């Protein structure tokens, strides 16, 4: 009964559907009746060609703004180089019109789509805050494919206004259910970048996404880190297919690439899920992703089983998004209990790092208090330390259930002597575990150099609830 789209380039959208299983299971969500109707997504990028023949029918001025020129119209700036085309490509991934004889289709081909023109100029904290905080009671999902430089030597995150915009978004946005911020984990793979050094993807408020190639491999541009939640397909080598979407100047492209093309596909899957249950909160959406994502046939040398029986990787998080499973589980989902936060200051004195430092601490996770957590969501190790060559450090955190999260891998290009100033390294790998018991922090100098420094603060911050657990996998 469900008729698949007839768009000319739809058969080339290999990642949406097919008889092989190398796809995001989007046609199963469309067949259940979910195509994005009533959901509003906004792309935070270099602008959106609102008059594109495959975007105009779904374009929403209420989901759009131009923060670079301070006006409501996010039309890109046209140049000979076609420099401002990325937002239009991302918009088509989410919501390109279906059955109109043009290009392919979006994952949520009936959703409303807009864009914030924010990257075609100087990106300041105010520019970021005004983009993240745009029309929060109209826009449901924000998709951002970029962040601090992916040079493998930067440590940066949202400054005060942008962090306040995330707080306001998840707390009061979407009628109090919370704005959904979808983020790409980064394109710094060739520079050996480690994505927990990017405070936007490392945030608990962003649902972070990495990439897999068509043949199920970790692409050259992928960044590994413990803050990633899940994966979508994107580009790989020149024998693997790429993303097919709308392009600038009313064109179609078959060569959209990078993790920056994975985040919009996740935003479209999240739009289908929100149509299936409009009452899902920002945390319910992250729980659905953890429970339904699929590791099968994704190749990595770090797949590990966590404390509740789920496989998790630093390259893929919980695995590939599965749109059919997401929309099926959303329908009767019971809203998670309010978020609890348990703060544990670990050190009794500063500790010399040297070649290797291990800090062990047994915690009760706020036993006997309103913030008692027996079911973890995100965990952070907020560290303050000095070190002469930052990139030589590797940091791991082991949970009481034995789950080893790499908080920071060695970054050869990071020569900074600035250390970390209360940097909140985050892991999603212990989701649903009981955080009571022994936690172990390991900081090691991965080089033969006689490096030196001191760890002056280690705060373990646990987020979660004390109810609603599933029987382990």
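Numbering follows the first chain given and starts at 1.
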Mean Cα B-factor check, 200 to 208 vs 323 to 331, entry values; winner is 323 to 331
Would you determine, from the values in the PDB entry, which of 283 to 291 and 71 to 79 has the greater average C-alpha temperature factor?
71 to 79
Among 431, 59, 423, 439, highest Cα B-factor in the entry goes to 59
If I read the C-alpha B-factors straight from the PDB entry, which of 268, 147, 368, 87 is highest?
368
How does the C-alpha B factor of residue 31 compare with the rest of the chain: lowest, middle or highest third?
highest
Sorting the chain's modelled residues by C-alpha B-factor and splitting them into thirds places residue 350 in the highest
Considering only modelled residues of the same chain, in which third does the CA B-factor of residue 386 rank: lowest, middle or highest?
middle
When the modelled residues of the chain are sorted by Cα temperature factor, does residue 248 land in the lowest, middle or highest third?
highest
Position of residue 455 among the chain's modelled residues by C-alpha B-factor, lowest, middle or highest third:
middle
